[PDB]
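Taking the form deposited without this ligand, here's one chain by itself in structure tokens.
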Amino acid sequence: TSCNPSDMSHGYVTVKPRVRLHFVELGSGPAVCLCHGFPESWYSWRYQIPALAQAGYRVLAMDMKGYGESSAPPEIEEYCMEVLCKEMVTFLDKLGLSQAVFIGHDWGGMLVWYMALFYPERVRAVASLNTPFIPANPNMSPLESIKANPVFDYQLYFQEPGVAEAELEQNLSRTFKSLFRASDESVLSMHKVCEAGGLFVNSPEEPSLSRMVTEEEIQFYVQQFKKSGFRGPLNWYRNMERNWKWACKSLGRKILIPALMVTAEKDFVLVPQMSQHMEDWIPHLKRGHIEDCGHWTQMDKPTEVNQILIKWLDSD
């Protein structure tokens, strides 16, 4: 049970002159806002949208800024957490929603944590898939926290505007088939991306279709990314200094709203152990864990994702 795009309600909200945000909407009850990661789409929530609606929730599945039918301004600073969060609050204002539950994955995970810290009054409850909440280290540069973790090398590859874009936009069909794979089907090492050409140099030219996706599902993502490309999406990675600067102003404060951290056993970039000290900042934090599950959590173990989210939603 997934979604057909033309059978959904499509919403559009202008949060500022140059910027409209597009979303899909299904169900009635408390408002649940779903925020995808990189490089995805509202469509990445196709298994959760109908399930949460049927569980008695009003689901808003976003195209995040830079993606799909949402605006994709070229300026890098338009995608820093501060600016993205304010727009999400403007979004709630224009829909007349005093609060929403926020659920995010990957970069969307990151964003909802930030909403929880800087806009707790507008966030009823907060849930993240894969993305942990790591307090800002005011002494360690952000750039530094990477050259200290080997699997984050691709993030440096993403910094130079035009470089990752041109490789990722080269064959869009190849890009998504290469990325959207189970952990055991993976054909990418995140180790040595900068020195050894790009992200796909040593991976196949005509990669096979993963067990998780159909050819029709891949083509939806292709069509979405034809309209703005990867620049906007990648600009999410190009604000680490600003995001760190901004995060440090919150250094003392605590998330007191209900919170859920869901970890994927086989996400080799957003590892479960990265989240291990989160109760030290959120004592009441609930958890879920999903075995045999990679980075693309919603796609990989949709049934477990739905069970975990619904159980948490119905209780806190």
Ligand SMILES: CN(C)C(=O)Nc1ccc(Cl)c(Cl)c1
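Sequential numbering from 1, following the sequence displayed.
There is another form of the same protein, the form solved in complex with this ligand; it is not shown, and what comes next is about it.
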(message) So this ligand isn't shown here. In the deposited complex, which residue out of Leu92, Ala72, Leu179, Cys85 has a non-hydrogen atom within 4.5 Å of it?
(response) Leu179
(message) Quick check on this chain: which one of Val163, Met190, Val222, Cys194 has a heavy atom within 4.5 Å of this ligand in the deposited complex?
(response) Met190
(request) Please determine, with the chain shown alone, which of 264-272, 24-32, 47-55, 283-291 has non-hydrogen atoms within 4.5 Å of this ligand in the deposited complex. (result) 264-272
(message) Although the partner isn't part of this model, could you tell me whether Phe38 comes within 4.5 Å of this ligand in the deposited complex, counting any heavy atom of the residue?
(response) yes
(request) Mark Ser228 yes when one of its heavy atoms lies within 4.5 Å of a heavy atom of this ligand in the deposited complex, and no otherwise. (result) no
(request) Verify the contact flag for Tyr154: yes if a non-hydrogen atom of it lies within 4.5 Å of a non-hydrogen atom of this ligand in the deposited complex, no if not. (result) yes
(message) Is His295 part of the interface with this ligand in the deposited complex - any heavy atom within 4.5 Å?
(response) yes
(request) Sequence order please: the residues of 19-33 with a heavy atom within 4.5 Å of this ligand in the deposited complex. (result) none
